[PDB]
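To start, the structure under review is shown below, and the notes come after it.
So basically every Cβ, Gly included, is an ideal-geometry build from the backbone, and we count neighbours across all protein chains shown. Where a number appears in this text, it was derived from the coordinates with a stated rule and is not lab data.
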Amino acid sequence: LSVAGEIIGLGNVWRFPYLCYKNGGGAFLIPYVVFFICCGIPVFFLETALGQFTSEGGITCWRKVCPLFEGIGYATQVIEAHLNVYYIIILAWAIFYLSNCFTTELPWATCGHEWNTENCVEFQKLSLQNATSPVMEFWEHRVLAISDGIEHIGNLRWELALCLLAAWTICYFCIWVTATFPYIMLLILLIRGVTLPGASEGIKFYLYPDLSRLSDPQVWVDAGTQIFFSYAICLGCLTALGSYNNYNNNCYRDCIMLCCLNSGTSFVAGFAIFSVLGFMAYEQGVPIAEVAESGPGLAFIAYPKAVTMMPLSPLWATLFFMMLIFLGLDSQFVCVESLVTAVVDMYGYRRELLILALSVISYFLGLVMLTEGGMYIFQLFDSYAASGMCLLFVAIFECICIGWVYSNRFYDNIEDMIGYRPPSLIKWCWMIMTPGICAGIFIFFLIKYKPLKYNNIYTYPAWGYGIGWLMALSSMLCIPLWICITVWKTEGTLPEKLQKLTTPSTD
Ligand SMILES: COc1ccc(C(OCCN2CCC[C@H](C(=O)O)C2)(c2ccc(OC)cc2)c2ccc(OC)cc2)cc1
Ligand SMILES: [Cl-]
């Protein structure tokens, strides 16, 4: 039995270093631990066991167990669709970067190009105020012509538009040895990172928590929700992951590797990246902060520099973007296949040709993020939709059902499935810990919050936060509303009616 490169993906190589550097330093690692043992493994285990016992995923599995709580599935399908639209945008930039890599001299290493301004200094070749770097000018002026403000959307970058079209075609065909390659590249990047001048200075910024700043709830809601973005929890795919098992699989001991090892790659990625930020500081005499960007560009401003600071730069630059593209496509294939499970809901009745309709709709809708100033709407797509509060609230209801509306009986089913009984701490976690911690964090965020800013300079207008609230509600308001559809369509008498909607089916 083996799983190869399953845990490794874009969820810990691109997102985790982004969030760790933005919110702060090593202080972010404390909420990443308390949200891991408690609000982590128990939910993953619950989802996997529920998907394995019922032998079905999506929404019908939640129809069988607590038919009243059928709206959970609809919430997980909408958020998956929201993720599918923008997750492919990241793969467009990698295609563009790989496209102009087949050359003797890398374009993101020298000064004097048309897009470059007069303030660039070609460092490492023989401080100075108002100075920038050539690497950042290949991100802020060439791939994405950033426009001041969200009001001005400007024109559309046609070069990036074609790259997105390729990504869709490559995978519209996906749905008509290897898998060890990413680890080698990660090791190579890590080796070239720690053995650099000033590397140890950056590490202390990463492994020394800065307390007294935990009062801000932003550090507390990004952590935990990042864990939920990883592990693929609350995305409506884990409930189908266990459907392929053989009903006699040791589910508890099964994830203990995946339940833990997937968090063992984020630490190594942080080691590899945060060591580079110390180098750029030792080269420009600047704080460990302000060397790069706090938004979703760090993975495209830190790696290309490390690759440049290495012999045979083009050859290694070609392969890194290849592994990024491969991981992104592999992650997108599964997330696009599950949404087409709408067949079970509508009994595409027989033939699933709606994949073509989904791709065309998703392509045209996603063209907004590729226009001038498209990153500004990207943050609103990543801090409120498919992240932030959209997952915490769903998880509070994820299953107080298994905890209160179904615990002891489920443990009997688990013992029947695997043979023995898991420790009783998980049951108490389900009962009181996860729905308690998540509710506390939710109330903390809603009682005292700070407006979100793009890399801590630019603040969105009122309508940006309005659209963020709209897109966040569009996934969390389905569960309370769906009870009004289920109840009030049955007999009607509340006491007698509540009983039927709660009795599970004949599993
Ligand atoms: C890169 O290649 C893959 C990596 C993980 C997966 C799984 O989720 C994919 C969901 N995506 C959410 C945002 C980005 C995450 C990331 O890219 O990391 C993952 C997966 C899901 C459903 C499956 O059956 C239908 C099978 C696998 C996954 C998730 C967690 C896990 O254990 C922690 C193992 C597999 C699949 C391919
Ligand atoms: Cl993570």
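According to the square roots a ≥ b ≥ c of the eigenvalues of the Cα gyration tensor, what is the shape class of the range 26-98, taking rounded for a/c under 1.5, prolate for a/b larger than b/c otherwise, and oblate for the remainder?
The shape class here is oblate.
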Worksheet item: Residues with beta-carbon under 14 Å from that of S359, excluding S359: net charge, scoring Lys, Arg +1 and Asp, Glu -1?
Response: -2
Item to complete: Step through the residues of the range 74-91 one at a time and calculate ³J(HN,Hα) from phi using the Karplus curve (6.51 cos²θ - 1.76 cosθ + 1.60, θ = phi - 60°), rounding each to whole Hz and writing x for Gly and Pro.
Response: 4, 5, 6, 6, 5, 5, 5, 5, 4, 5, 4, 5, 9, 5, 6, 5, 4, 5
Fill in: Loop trypsin sites (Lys or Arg not before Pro), the range 1-110, which have at most 10 other Cβ atoms in a 10 Å radius of their Cβ (DSSP)
none
Worksheet item: Can you give the net charge of the other residues whose Cβ lies under 13 Å from the Cβ of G154, counting K and R as +1 and D and E as -1?
Response: -2
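Just flag the chymotrypsin sites (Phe, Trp or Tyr not before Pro) in the range 6-102 sitting in loop per DSSP whose Cβ has no more than 16 other Cβ atoms within 10 Å. Walk me through the numbers before you get to the answer.
Details: sites: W14, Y18, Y21, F28, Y32, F35, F36, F44, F45, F53, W62, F69, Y74, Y86, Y87, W93, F96, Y97, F102; in loops: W14, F69, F102.
Answer by residue number: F102.
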Discussion item. Can you give me the distance in nm between label points at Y458 and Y349, each placed 7 Å from the Cα along the Cα-to-Cβ direction?
Written reply: 5.0
Fill in: Charge sum, other residues only, whose C-beta stays under 13 Å from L68's C-beta, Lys/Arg counted +1 and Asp/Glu -1
+4
Worksheet entry | Cleavage-rule hits (GluC sites (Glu not before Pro)) in the range 89-125: DSSP loop, at most 10 neighbouring Cβ within 10 angstrom | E105, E114, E118
Worksheet item: In sequence order, what are the phi-derived ³J(HN,Hα) couplings for the range 438-443 according to the Karplus relation 6.51 cos²θ - 1.76 cosθ + 1.60 with θ = phi - 60°, rounded to whole Hz, with x for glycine and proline?
Response: 5, 5, x, 5, 4, 5
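Classify the range 95-210 as rounded, prolate or oblate from the Cα gyration tensor: take a ≥ b ≥ c as the square roots of its eigenvalues, call it rounded if a/c is under 1.5, otherwise prolate when a/b beats b/c and oblate if not. All intermediate terms of the calculation are to be shown ahead of the outcome.
Details: a/c = 1.75, a/b = 1.12, b/c = 1.56.
It is oblate, given that a/c is not under 1.5 and a/b is not larger than b/c.
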Discussion item. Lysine pairs in the chain with Cα distance under 18 Å, only those 8 or more apart or on different chains: how many are there?
Written reply: 8
Worksheet entry | Highest-first arrangement of 196-202, 230-236, where packing means the average Cβ count within 10 Å | 230-236, 196-202
